[PDB]
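The chain below stands alone, shown as structure tokens; this is the form deposited in one PDB entry.
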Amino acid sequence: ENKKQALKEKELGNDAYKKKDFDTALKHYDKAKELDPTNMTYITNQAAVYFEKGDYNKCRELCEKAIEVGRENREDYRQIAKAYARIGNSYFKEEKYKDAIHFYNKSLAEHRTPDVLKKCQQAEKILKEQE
């Protein structure tokens, strides 16, 4: 079943993801998505690659898209929050702290974590120094 291979593709991409091979990583990650589009974990991982490639827009694009699928397939909400963190992180990098804190707080709504809570206060305290 593609579902099983999808799990392997995520690891194949993750493996290449740890070896700076973001291109090959996104390739396998994207493959896992075709093998199992209902699995938001694969989509979120894809965005993680774009975040490393510089495509913060695509990161927030696929991440939220993963939120849609996951929140629809009763997928782990904890992962949904981690995705929300990446969305806010994408903004946190493109100087869009306004949208960052937004999705950041959304991560606290799904799965409260010290990371996002730290980036939430970090994004607002930085935005103040920005204005």
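The first residue of the sequence shown is number 1, and the count goes up from there.
Keep in mind the form deposited with a partner chain bound is missing from the figure; the text below concerns it.
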| query | finding |
| --- | --- |
| In the deposited bound form, segment of 67-75, 80-88, 30-38, 94-102 with a heavy atom within 4.5 Å of the partner chain | 80-88 |
| Candidate site 14, 18 and 45: all three near the partner chain in the deposited bound form by heavy atom within 4.5 Å | yes |
| Distance check, residue 52 to the partner chain in the deposited bound form, heavy atom within 4.5 Å | yes |
